[PDB]
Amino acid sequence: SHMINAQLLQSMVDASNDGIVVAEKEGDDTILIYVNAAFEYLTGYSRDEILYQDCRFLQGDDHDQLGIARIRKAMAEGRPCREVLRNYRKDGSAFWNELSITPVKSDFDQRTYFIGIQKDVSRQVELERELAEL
């Protein structure tokens, strides 16, 4: 009587300020099958551009970031993980992405999907460094 319906679930995901994505594993890729508006705003990429691609384009030229090894191992072991990564928007600007990945098993196909949540921590990091200097 008083409880939410499924359209409300979509509304909560749409209202989120952090990016929220769903990806599915294929071989060495985990390809984006859903992104919310905040992900497009945060990354500068449109939904049409980046769907069915692995999120690693957000690392740009940066690789062998330690968090990436931790993510790969957590993915292999079926465990959730959280890493702060250097990421880059479509225009090339850098941001610090606090990224969480949660595997969830879909009852429909009994397939494991991966929920990402991207939070821009750049301002908090830079301000922490500035105050450390001060």
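Throughout, we count residues from 1 along the sequence that is shown.
- Comparing the deposited coordinates for 84-92 and 68-76, the stretch with the larger average C-alpha B-factor is 68-76.
- Note on 120-128 vs 5-13: mean CA B-factor is higher in 120-128.
- By the numbers in the PDB entry, the CA B factor is greatest at 48 among 98, 40, 109, 48.
- Ranked by C-alpha B-factor against the other modelled residues of its chain, residue 44 falls in the middle third.
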